[PDB]
């Protein structure tokens, strides 16, 4: 129940808008009006921070309340640059593609990939603030012009003769950065990567990619399954002949070797840290999201509150 005391912070509630932009803006406006002491507004989904800023502008309150968000909507980055948004937490699709190619090429060459018993490798979020937002935009520019960073540093891997496949779940812009990551790793390691995108986002399209990769005898496959419960068989058939890993979305019931993805819970803890840096003295916090029935909204808000409360992480590391 709300309000909830989290250390020196009071989470007043989680306001839902069902992705209606004008309702998201209204929620921000009524929050400012009914809670004159509110200190930070937090947008849990990509659109919420732009509508928080819209509500602050209508209330003449830009800069009077701190703002923290998720993702890199252009209005969110503009707000970071003009200091009305303290920072935002973004995913790293480029590292999804790059590391998938890196780890599949390493296994194809006999090397080992350290994977925990959970079978999950967490690709780190990125925290963007006013202090590093120009470094972020420069990184994105470099990536788009085909000169993205070599995440593997000095580590040499001879991937010539290795052929791997990288299967997305759609033609979303998220996959354009991952595609650049695949091609940068392939150039770095000398391997060949087939980036395969299901144009209409159906499992039947992914099934034909999987069967083509088996017929081509690829050395490894990374896939973001569209409907994991109903793709266990087709993934297992590929696993019989070649290593399959999951990326971005997981099929934990299948024979896939491991999963790499984002931890929305740890992304929430990172946003909790941005809140703490935006208002070190504490105060009232309001969260905003489309709906709370979605898993990533539950994980992001729970991570925020656990971080503000200083909740100790029951963790395994070895």
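Numbering follows the first chain given and starts at 1.
S.K.: Out of 108-116 and 92-100, which stretch has the higher average CA B-factor listed in the record?
M.R.: If you average the C-alpha B-factors of 108-116 and of 92-100, the larger mean comes out for 108-116.
S.K.: Would you mind comparing 11-19 and 300-308 for me and telling me which has the higher average C-alpha temperature factor in the entry?
M.R.: Here the higher of the two C-alpha B-factor means belongs to 11-19.
S.K.: Just the C-alpha B-factor column, please: which of 292, 267, 28, 66 has the biggest number?
M.R.: Reading the PDB entry, the winner on C-alpha B-factor is 292.
S.K.: Checking the record values for 167, 178, 131, 218, which has the greatest CA B factor?
M.R.: Of the options given, 131 has the highest CA B-factor in the PDB entry.
S.K.: Rank-wise, by C-alpha B-factor, drop residue 253 into the lowest, middle or highest third of its chain.
M.R.: Middle third, going by the recorded CA B-factors of the chain.
S.K.: Lowest, middle or highest third of the chain for the C-alpha temperature factor of residue 183?
M.R.: For residue 183, the deposited C-alpha B-factor lands in the middle third.
S.K.: Determine, from the deposited record, the chain-internal third of the Cα B-factor for residue 87: lowest, middle or highest.
M.R.: Its C-alpha B-factor belongs to the lowest third of this chain's values.
S.K.: Which third, lowest, middle or highest, does the C-alpha temperature factor of residue 247 belong to within its own chain?
M.R.: CA B-factor rank for residue 247: middle third.
S.K.: Taking the chain's C-alpha temperature factors as the reference, tell me which third residue 240 falls into: lowest, middle or highest.
M.R.: Top third by C-alpha B-factor.
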